[PDB]
Ligand SMILES: C=C[C@@H]1C[C@]1(NC(=O)[C@@H]1C[C@@H](Oc2ncc(OC)c3ccc(Cl)cc23)CN1C(=O)[C@@H](NC(=O)OC(C)(C)C)C(C)(C)C)C(=O)NS(=O)(=O)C1CC1
Ligand SMILES: [Zn+2]
């Protein structure tokens, strides 16, 4: 083929956040589609970053990313091997594991990090891209049941979002829905211990 006209994939772009700083959880958009597209190609993102849970986008997908221990984590099936846009240009992943469906970049300046859970608690809460907080009972190392099942439509675009313990520690990163006839009864996640193993 003709290398001179081979395209490059864009960067992952932060387009908003799930605000969890107050009494009420709600989604905020910080960048529109025109801006997202331009920032994805340049990889230069001068927007102020805040909070632990970012809403991110490529040209073709939108999902979430969560800061834990100074690393912005998300799913490989969303991000691939892409760089993330940042103030001084594209930033290369510092973690990539296709087997775990996991990628990570250094956490953006301005972001806040969740602390990894050491509670050993099995009463969890999944935070969606729509800022719904979904009670989840932990059922194994990497699976939890929804207390109230939801159609998979409800969860689509929330991979890379956090499962939190009652104290607000990060317990895992949302990976896949366990679905029966389109209804999500459970969720698979990357447990925080796996992140911490990946970090070492
Ligand atoms: C509905 C919301 C769920 C959380 C969600 N994730 C998904 O859709 C994922 C992607 C795909 O699975 C996997 N791909 C690649 C992997 O590695 C590279 C995986 C390594 C390990 C495992 Cl576990 C799965 C992997 C299929 N899938 C399912 O969840 C599927 N379920 C699934 O596969 O369930 C079982 C695993 C139990 C079979 C299905 C779509 C059918 C519900 C999402 O929101 N995505 S997204 O929209 O944001 C998209 C990033 C833009
Ligand atoms: Zn905890």
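Residue numbers (PDB author numbering): 981 to 1180. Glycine included, C-beta positions come from ideal geometry on N, C-alpha and C.
The Cβ-Cβ distance between residue 1164 and residue 1007 does not fall below 8 Å.
Here the distance from the Cβ of residue 1158 to the nearest heavy atom of ligand 1 is below 7 Å. Within 7 Å of the C-beta of residue 1098 there is at least one heavy atom belonging to ligand 2. Taking non-hydrogen atoms of ligand 2 into account, the C-beta of residue 1174 is found less than 7 Å away from none of them.
Distance check between residue 1063 and each of 1050, 1044, 1086 and 1048 places 1086 closest, using alpha-carbon atoms only.
Look at the beta carbons and you see the segment 1125-1133 touching the segment 1162-1176: at least three pairs across the two are nearer than 8 Å.
Residue 1102 and residue 1145 have their C-alpha atoms roughly 8 Å apart. Put simply, the backbone Cα of residue 1152 is about 10 Å away from that of residue 1121.
Residue 989 and residue 1065 have their C-alpha atoms some 12 Å from each other. Taking 8 Å as the cut-off, the Cβ atoms of residue 1045 and residue 1094 do not count as close.
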